[PDB]
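# Descriptive analysis of the structure
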Amino acid sequence: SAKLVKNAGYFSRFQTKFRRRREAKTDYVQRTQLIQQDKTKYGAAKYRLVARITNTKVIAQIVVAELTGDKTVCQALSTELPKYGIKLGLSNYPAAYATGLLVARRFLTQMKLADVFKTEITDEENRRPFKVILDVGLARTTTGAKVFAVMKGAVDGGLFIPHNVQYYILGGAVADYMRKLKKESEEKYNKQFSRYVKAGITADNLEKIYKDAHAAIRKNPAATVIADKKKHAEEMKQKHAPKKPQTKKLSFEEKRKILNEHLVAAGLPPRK
Amino acid sequence: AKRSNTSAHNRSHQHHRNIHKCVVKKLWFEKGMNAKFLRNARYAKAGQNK
Amino acid sequence: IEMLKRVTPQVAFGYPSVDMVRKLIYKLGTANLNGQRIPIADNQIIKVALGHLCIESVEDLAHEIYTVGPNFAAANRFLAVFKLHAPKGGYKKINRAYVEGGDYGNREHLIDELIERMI
Amino acid sequence: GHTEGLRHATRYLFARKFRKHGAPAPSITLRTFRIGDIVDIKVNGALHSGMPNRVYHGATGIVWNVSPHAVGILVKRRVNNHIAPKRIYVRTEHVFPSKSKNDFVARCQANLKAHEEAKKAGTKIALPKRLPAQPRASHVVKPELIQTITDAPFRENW
Amino acid sequence: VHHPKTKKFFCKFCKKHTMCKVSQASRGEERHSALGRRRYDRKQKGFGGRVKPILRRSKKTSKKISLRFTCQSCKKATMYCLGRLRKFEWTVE
Amino acid sequence: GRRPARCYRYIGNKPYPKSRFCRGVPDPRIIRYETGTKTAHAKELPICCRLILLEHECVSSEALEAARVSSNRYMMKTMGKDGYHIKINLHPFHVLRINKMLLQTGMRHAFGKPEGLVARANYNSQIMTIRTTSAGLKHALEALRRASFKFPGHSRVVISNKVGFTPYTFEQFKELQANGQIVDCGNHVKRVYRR
RNA sequence: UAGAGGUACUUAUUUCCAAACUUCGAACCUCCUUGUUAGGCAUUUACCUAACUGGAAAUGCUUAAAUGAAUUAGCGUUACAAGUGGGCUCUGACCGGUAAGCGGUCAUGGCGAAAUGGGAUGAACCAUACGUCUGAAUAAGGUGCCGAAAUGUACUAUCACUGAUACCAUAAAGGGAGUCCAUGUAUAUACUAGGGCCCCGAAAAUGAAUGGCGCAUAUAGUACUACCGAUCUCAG
RNA sequence: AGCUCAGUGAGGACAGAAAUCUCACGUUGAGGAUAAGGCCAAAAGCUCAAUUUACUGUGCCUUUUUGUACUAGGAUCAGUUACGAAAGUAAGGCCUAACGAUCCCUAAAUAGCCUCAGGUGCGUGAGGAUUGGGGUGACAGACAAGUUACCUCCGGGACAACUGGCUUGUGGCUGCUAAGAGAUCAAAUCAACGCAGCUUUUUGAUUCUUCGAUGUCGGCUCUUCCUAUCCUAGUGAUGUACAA
RNA sequence: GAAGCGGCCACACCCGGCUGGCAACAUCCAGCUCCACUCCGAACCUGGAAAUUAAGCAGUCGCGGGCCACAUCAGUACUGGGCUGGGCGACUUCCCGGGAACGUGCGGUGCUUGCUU
């Protein structure tokens, strides 16, 4: 029947990958060259804009590495965008750009440098801008990707991200794809844009809403200053507690009870 | 013709007659080190005395 | 003690009683003063060396040995090494330990039996 | 056939322990060094750019230069008669912060804790110091288990 | 080994990279007006054989190929050296 | 032919097996290590009878095949290939060497070609066994007396307490069998660890 | 090596191995630290940082409290020059060799260049390393006589043209109702687990050497005192 | 930047032990120019695409200082390019071998920097400083075939032939064991396969003694010694009837 | 409790069962532009939201394989000093020191850095 791969000799020999390599979330060859700084700069922070896109949410952060672990300085998240205007389509391309503006303008209002670095930057006797690097992650770096949508939001927000590079931006290409289903197929418009009809925003409105989204983000960027954080964290456990409790651990006494009742069927008790 | 190739019998004896600890003059070695660091370390000293 | 473990074949040693620590220093005791190996003679020798350390006369020096008080190593360094003659029984076997029917190494209390006849 | 190569007689030096193959964690690159710092050189077998020699494995030194990826380390090799100094350059992935001084630095701060707090009450100070392991005070011992060990009669058991 | 007939290279005099037509270096035949040669001519005259040595026990059959990176902006050659080669080709592709 | 085995008794080098490096090696005199009723049992042949060596030295392959043939032919004569089980518990892996000599270049380039296989014994290494029934324990001891004169040095013949070739005493064997912890493989005893 | 279980392979086992195998891993080694350590203050910089009432580095000021293992010891530096560049060796570790008073390495010691005493005799082993003398008590080693000192006291073995003190001057596998001591069983007796000492195994050429004489309680082991004995030790 | 290899397992027209296709497991056993050993899995492997950092210039470090060099490698500074969205990476090949003095010649400068001693000379020509190449494998680097029995000299027991010594593989001699020969029957007599010794009457091995010389093979002649005894003296066994 | 970002990198891995989805993660639905398949909207990319916890993920169970921990294993193996100890030898008593491994027995099977609803 051929060789059994996976003996004791296999599993004893087997080195594991780290953890977030196993869970398959970080490339550690990226990360080790994202973090590194020259030893002549010593203990100096350099910031990195994380911008990972799940389904529904576009997440965007600014991170400093430390030996204990990474530390977010400021965060923004596309489920906040209902407050500023954008009710639906929270992983659009224009939704990804809108989070880019939030991460910029919140970070600069925390550091108290809002009057400086208003527009994009594009050189002496002038204050140098924030170096913030892009962490993409395992998402593939192709042109017109939603990772670089978050980048363009951060650059137009304020921050000097280095790169080499207004359609797709105020709701175009969404708005054209509405018209192709609306005009021809009609059945498919009900499938594809169910929620949109429900509001209903319509094809034309996408251009209008985003501009006033970019107005309101630039005016009132920071939000939800909650304290203390401990009593906030306690309320979330009660608020989001499964109705059905998770199975809990059997103690060492009641395990040996159940072991023996199985062993009574096949004989030779009791022990372990 | 064929005589001995080497020995270490009484290497130890000779070394211990005198293993003198050669002391370093100073910890900086300015032939080495970064020039960009030492360049600035000159302009620290030059600016101070004026 | 761990130094004495290395050198156990070369030495006999033990734990002397107060009558033996006395009788060495009165008879054979000498002061190594300024690297001179001077004989102890009179108590004005050891007042001048050791009076600042509160050891006035030879009774106070002997006390500082057998009680092992705070200025022991001052009082021990002050004493020159003793010089003994080979004892009037002889002794059996240089090159075996006392424990295996010989001489060298630790003999605990019975060093007093050896030193009596070395003196 | 004795050979004088660079990487010679290092079969087991530059081996990678066991279940510790691969590149190191990126926490290692985030660490920092200074001039005057005591550091021990032990090698990553994987990372080949900017190794030390075989000889300066397991060898303490002091940092004198620091440079973008690498640290100039002063280490005292024993030559023939005399102990020479050797100016190494070596990368940070073969270099760790040594815990030689951490016994000494613990005591100095522990002494200042004692020397100040004696004066705060004040009162009057006893002086602590290090001392080798010393012979015991007399004391009294009651056990209530006493076995009686004896040699048994010998039997072969094969 | 094969080598490109044009490649980019740091012109030492212009102080920047610029493309330059490469060629194999000229082994010059010695002139007789050379000072070293003149000493030899006078010394070889008279009697007493050949004077200075020539190397009889010459083993190795190889030669370090120096190239001549003749620049186009600068107009000045700057000689690069490869390792030692048994044969040397031009790239055709 | 051969050297006298007083040449190659005591061990004056590191062990030198058949490998990539040794190359030009002749195969050993032994092929069969084990004779008699090989397919038997622990319970069928409980009584065991060992030959222990009382020296640290080399044993030749030629000795071990001489000892097998003298063992078999006595046990064949008495009881007649039924009860007994003979086994040899040395395997010759060490290779010997010769400088040859047989004008001449002696002691120059002294390393020599392999001559024969050998087994390196250790003080109290068993170099033979006979497992049998209580009827022919008498015959087993008389066999191993004859096999002892084949081997170098001096060597004790011993009746073991333990069953078969298993590491279990007769007292322990009934307790484990009764407990049911131990089990029977085709040959020998396989323990049950309850895991 | 050799069986069993599955569909020659294969899943568990087993007999037994590796200087150029390693999933574990000592002893012996090796390297660093052990007095100044915590700060605070403000000048300098063309360097670093998004920024300076930051970082990095060196210049000074100064706020606290002490000399914070053992044992030993003065430490640092320079100049000029001799001889040498055949080594040998005990005890352990090791490579090659059937082995060698053989060849090639390693660690401490020794000889070479180290007397004296002891091993009868010996470069190397043991005690110990030395001015010229006079004593005492010892070391190694010895105490029938040669030969200075007990054929000492107490306790066990031994008959043999035999035995007799490290290195060492050769003897093995294998036998013995020789004698002494002895393990387990069976019925004073039969059967043996063995151990010492003694005997056999054990044959070379000038006549021959426990050093000799000789001994048989001057042979083989064990214990405890007395005693002789070096240029060591101690006293003058 | 993307992907995962070797292999095993099952499948799939012709299709077979091996063609191409598919899924599953797959810690790296494949592959990384070659020796051997390390090292490596969203790579250092394989594929695709764009490229020339296999670049220029001076110090520094390690191998190696009880001997400083060259080779090879390493960390920088000062430039400049390549590639990438970027942090960055690149100073050849994943890491350890792949190579070389003076003198002389020779090449590099759009044709440059200094000198040609009476000219701050004018063409040609020559000579310099700085950086590579041409080469020495005996690889710190002379330019080099034999023979001597016609031989000479200096020395060497630092080194052979020769006696002795140590050693005993080889030669010779003897034990222990028996697996059988011996009609039958292991031990009257032989004795395997094994194992343990002795001998210095063979030949080796070694280089301690002898090279300012122990006269070297055999025979002839005379002495003495050893026994591992062929005969003679005396004894025991037997497949010892007698004799041999 | 869930999610992005991580630290030590199997007490976290690997096989197989069971119990959960308010939001969140995900499967999933669709293919027009950005761009993607040396063929394929499977992947990658972009725009969704109908219905599900079947899978991933989370918690938990197994006289589970492995991994980790303690105790035995064992004063064994080996080893640094010392003897005018033994032994033809090979090796090895003893005195002053240090001291494993495999195996077996019982236990366990991730602990939380900074931001967010």
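Counting starts from 1 on each chain and goes along its sequence as written, which need not follow the entry numbering; residues with no coordinates are hidden. Whichever chain is written first becomes A and whichever ligand is written first becomes 1, with later ones labelled in order. Here we see only some chains of a larger assembly; the values are for those chains and no others. Based on all heavy atoms of the structure, the side-chain values leave hydrogens and waters out of the count.

This entry lists cryo-EM as its structure determination method and reports a resolution of 3.2 Å.

Residues and elements named next belong to chain F. Across the sheet, which stays open at both edges, the five strands sit in the order β1-β4-β7-β2-β8 with antiparallel pairing between neighbours. Either end of the sheet is taken by a strand with one partner, and the two such strands are β1 (34–36) and β8 (155–159). Each strand axis lies, on average, 15 degrees off the axis of its neighbour in the sheet, ignoring direction. At least two bridges found by DSSP between two strands is the condition for calling them paired. Secondary structure elements are taken from DSSP: a helix is a run of H or I of four residues or more, a strand is a run of E of two residues or more, and numbering for both begins at the N terminus. The pairing of β1 with strand β4 (residues 85–87) spans three bridges and is classified as antiparallel. Looking at the pairing, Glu34 lines up with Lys87 of β4. With respect to the sheet, helix α2 (residues 137–148) is in contact with β2 (47–53), β7 (125–132) and β8, its orientation differing from that of β2 by roughly 15 degrees. Axis geometry follows a simple rule: fit a line to the C-alpha atoms, using only the stretch in contact for helices, then measure angles between N-to-C directions, giving values from 0 to 180 degrees. Throughout, a contact is declared for two residues whenever any of their heavy atoms are within 4.5 Å.

Further remarks concern unusual backbone geometry. All names here are of chain A. With an omega dihedral of 0 degrees, the bond running from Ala199 to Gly200 counts as a cis peptide bond. Here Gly200 lies in the loop between α7 (194–199) and α8 (205–219). The residue after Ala227, namely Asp228, is reached through a cis peptide bond having omega -20 degrees. Although it is not a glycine, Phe117 adopts a positive phi angle of roughly 60 degrees. With respect to the helices and strands, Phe117 occurs in the loop between α3 (93–110) and β4 (132–135).

Here we come to α8(A). Each residue after the first adds 1.5 Å to the expected span of a helix. Helix length check: α8(A), at 15 residues, gives a terminal C-alpha distance of 22 Å against a target of 21 Å (1.5 Å per residue), a fit within 8%. Looking at the buried positions of α8(A), the neighbouring elements they touch are α3 and α5 (174–185) of chain A.

It is worth spelling out the state of the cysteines at this point. Residues and elements named next belong to chain E. Whenever a pair of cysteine sulfur atoms sits within 2.5 Å, that pair is classed as a disulfide. Tallied over the entire structure, the rule returns two disulfides over all chains. A sulfur-sulfur separation of 2.0 Å characterises the disulfide bridge that pairs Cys11 with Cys74. One end of the pair, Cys11, is in strand β2 (residues 6–11); the other, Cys74, is in the loop between β4 (63–71) and β5 (77–85), with 63 residues separating them in the sequence. Note on exposure labels: buried denotes an accessible area under 20% of the residue type's maximum, exposed denotes more than 50%, and partly exposed covers the range between, all computed with a 1.4 Å probe on protein chains only. We classify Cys11 as buried; its relative accessible area is 3%. The exposure class assigned to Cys74 is buried, which follows from its relative accessible area of 8%.

All names here are of chain D. Tracing the backbone through its elements, the reader meets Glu93 in the loop between β4 (86–91) and β5 (95–97). Charged residues are defined here as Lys and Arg on the positive side and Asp and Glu on the negative side; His and the ends of the chain fall outside this count. Whenever a carboxyl oxygen of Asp or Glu lies within 4 Å of a side-chain nitrogen of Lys or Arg, that contact is scored as a salt bridge. Nearest to the buried, unbridged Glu93 among oppositely charged side chains is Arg31, at 5.4 Å. In protein, a polar contact means a hydrogen-donor-capable atom and an acceptor-capable atom, both N or O and within 3.5 Å, with residues adjacent in sequence counting only if both atoms are side-chain atoms; elsewhere, any N or O pair within 3.5 Å suffices. In this structure the side chain of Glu93 is engaged in a polar contact, spanning 3.2 Å, whose partner is the side chain of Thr92. Apart from the residues within four sequence positions on either side, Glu93 is in contact with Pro24, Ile28, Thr29, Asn44 and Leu47.

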